[PDB]
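If you want the building blocks of each chain, they are given just below.
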Amino acid sequence: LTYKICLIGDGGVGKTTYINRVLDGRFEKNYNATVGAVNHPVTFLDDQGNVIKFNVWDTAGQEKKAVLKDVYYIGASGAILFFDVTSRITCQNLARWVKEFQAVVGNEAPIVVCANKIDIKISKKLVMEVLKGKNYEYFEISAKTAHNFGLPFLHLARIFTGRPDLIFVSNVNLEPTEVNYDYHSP
Ligand SMILES: Nc1nc2c(ncn2[C@@H]2O[C@H](COP(=O)(O)OP(=O)(O)O)[C@@H](O)[C@H]2O)c(=O)[nH]1
Ligand SMILES: [Mg+2]
């Protein structure tokens, strides 16, 4: 079962730190220069023996100075939207990120919100107000230490399969790739 997922959120919030791990393997990843994105395949086996593959797109840093192309979003089944709990700007732009994603994919596709860098803070209240009170499934994570790495994917698999009791029975390779694919940004 295969789903495209977009990572979104301001530059510096930890998107690349989160995803840029070995996962299904370095060689399996792909780069698309037209879009400015790397695909990271991550496969989990569930409790009923289904193979669930997420093709998780990450930017090469262009969000720092520019708007992402529609092709980044097109075909996505879901998004993981990050902010940095130590920076209010990143929280403020959450509604803008949601609108940008939904403007291409529509309002049904699940968006999971991750409060990142909880290891280092912006209250969840501020998130709720920036987002006009709309509910999104919400996790506190540390992309650095991989704390709670699986939770957004577990939620997404449940939505997509319709099985609220779906669990992952395989463990993912969480080693950092040591591959820097980011464009230099002065
Ligand atoms: N302390 C801490 N730093 C993080 C975490 N995730 C990312 N960073 C740092 O934040 C900076 C931006 O990370 P990056 O993954 O490039 O963010 P992106 O621009 O959203 O892809 C880097 O210096 C990372 O080391 C985290 O969970 N904790
Ligand atoms: Mg990045």
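Conventions adopted
- Counting starts from 1 on each chain and follows the sequence as written, independent of the entry's numbering; residues without coordinates are not shown.
- Whichever chain is written first is A, and whichever ligand is written first is 1; the rest continue in order.
- To get the side-chain values, take all heavy atoms of the structure and skip hydrogens and water.
- Residues with missing side-chain atoms are left out of burial classes, side-chain pairs and their counts.
- For helices the rule is a DSSP run of H or I covering at least 4 residues; for strands it is a run of E covering at least 2, with both sets numbered from the N terminus onward.
- Note on aromatic pairs: the rings of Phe, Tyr and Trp (six-membered ring only in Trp) are paired at centre separations within 6.5 Å, and the planes decide the class, stacked below 30 degrees, edge-to-face beyond 60, tilted for the rest.
- Burial status follows relative accessibility: with a 1.4 Å probe on protein chains alone, a residue under 20% of its type maximum counts as buried, one over 50% as exposed, and anything between as partly exposed.
- We define proximity as follows: a residue is near a molecule or strand when any one of its heavy atoms falls within 4 Å of that partner.
- Nitrogen and oxygen atoms within 3.5 Å of one another constitute a polar contact, given that in protein one can donate a hydrogen and the other can accept it, and given that sequence-neighbouring residues count only through two side-chain atoms.
- Helix span, as expected, comes to 1.5 Å for every residue beyond the first.
- To qualify as a nonpolar core, a set must consist of buried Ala, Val, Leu, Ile, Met, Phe, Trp, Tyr and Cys residues joined through side-chain atoms within 4.5 Å.
- By the convention used here, residues are in contact when the closest approach between their heavy atoms is within 4.5 Å.
- The term disulfide is used for any two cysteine sulfur atoms that are within 2.5 Å.
- Strands qualify as paired when DSSP identifies two bridges or more between them.
- Between N-to-C directions, angles span 0 to 180 degrees; the directions come from axes that are lines fitted to C-alpha atoms, helices contributing only their stretch in contact.

- Structure determination for this entry, per the PDB record, employed X-ray crystallography and reached 1.800 Å resolution.

Notes on the overall build of the protein chain
For step 1, the next point in the chain: When you go through the protein chain residue by residue, the secondary structure sums to six helices and seven strands.
For step 2, the next point in the chain: Along the protein chain, helices (α) and strands (β) appear in the sequence β-α-β-β-β-α-β-α-α-β-α-β-α when read from the amino end.
For step 3, the next point in the chain: Along the three orthogonal principal directions, the C-alpha set of the protein chain runs to about 40 × 35 × 35 Å.

Observations regarding the packing of aromatic side chains
For step 1, the next point in the chain: Taken as a whole and judged by the stated rule, the model has 14 aromatic pairs.
For step 2, the next point in the chain: Between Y3 and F54 the ring centres are 6.0 Å apart and the planes differ by 40°, which places this aromatic pair in the tilted class. Separated by 51 residues along the polypeptide, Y3 in strand β1 (residues 2-8) and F54 in strand β4 (residues 51-59) bring together distant segments of the chain. Comparing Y3 with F54 shows no difference in burial state: the two are buried.
For step 3, the next point in the chain: Where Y18 meets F153, the ring centres are 6.1 Å apart and the plane angle is 10°; that geometry is what we call stacked.
For step 4, the next point in the chain: Residue classification places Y18 among the buried positions, given a relative accessible area of 1%.
For step 5, the next point in the chain: The exposure class of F153 is buried, given its relative accessible area of 0%.

Description of the site of ligand 1
For step 1, the next point in the chain: By nearness alone, 16 residues border ligand 1, and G12, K15, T16, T17 and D119 come closest of all.
For step 2, the next point in the chain: Within the side chain of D119, a nitrogen or oxygen atom sits 2.7 Å from a nitrogen atom of ligand 1.
For step 3, the next point in the chain: Within the contact set of ligand 1, an oxygen atom lies 3.2 Å away from a side-chain nitrogen or oxygen of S142.
For step 4, the next point in the chain: Take the shell around ligand 1: its biggest share by element is three residues, from helix α1 (residues 15-19).

Some remarks on helix α4 (residues 94-105)
For step 1, the next point in the chain: With 12 residues, α4 should cover 16 Å at 1.5 Å per step; its first-to-last C-alpha distance of 16 Å lies within 8% of that length.
For step 2, the next point in the chain: Trailing α4 by a residue or two, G106 shows a phi angle of about 95°, which is positive.

Considering the nonpolar core
For step 1, the next point in the chain: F54, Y72, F83 and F153 are the most contacted members of the largest nonpolar core, which has 56 residues in total.
For step 2, the next point in the chain: If we ignore the near neighbours within four places in the chain, the residues touching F54 are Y3, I5, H40, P41, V42, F44, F153, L156, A157, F160 and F168.

Some points on the state of the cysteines
For step 1, the next point in the chain: For the coordinates displayed, the defined rule picks out zero disulfides.
For step 2, the next point in the chain: Free of any disulfide, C114 has its nearest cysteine sulfur in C91, 14 Å distant.

Looking at the side chain of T90
For step 1, the next point in the chain: Structurally, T90 can be placed in helix α3 (residues 88-92).
For step 2, the next point in the chain: At a separation of 3.2 Å, a polar atom in the side chain of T90 contacts the main-chain amide nitrogen of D84.
For step 3, the next point in the chain: Within polar-contact distance, the side chain of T90 engages the backbone oxygen of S87 at 2.7 Å.
For step 4, the next point in the chain: With residues near it in sequence (within four places) discarded, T90 still touches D10, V13, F83 and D84.

A look at the sheet that holds strand β5 (residues 78-84)
Across a sheet, paired strands are connected by hydrogen bonds in the backbone, their directions being either parallel or antiparallel.
For step 1, the next point in the chain: If you trace the seven strands from one edge of the open sheet to the other, you get β2-β3-β4-β1-β5-β6-β7, paired in mixed fashion. The sheet is open, and its two edges are formed by β2 (30-32) and β7 (137-140), each paired on a single side. When strand polarity is set aside, the average angle formed by the axes of neighbouring strands in this sheet is 25°.
For step 2, the next point in the chain: As defined by bridge partners, strand β3 (residues 37-45) adjoins β4 across nine bridges and the pair is classed as antiparallel. Note on β4: the bridge partner recorded for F44 is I52.
For step 3, the next point in the chain: Its contacts with the sheet put α4 on β1, β5 and β6 (111-116), and the angle it makes with β5 is roughly 165°.
For step 4, the next point in the chain: Set on the sheet, helix α6 (residues 150-161) makes contact with β1, β3, β4, β5, β6 and β7; between it and β4 the angle comes to about 120°.

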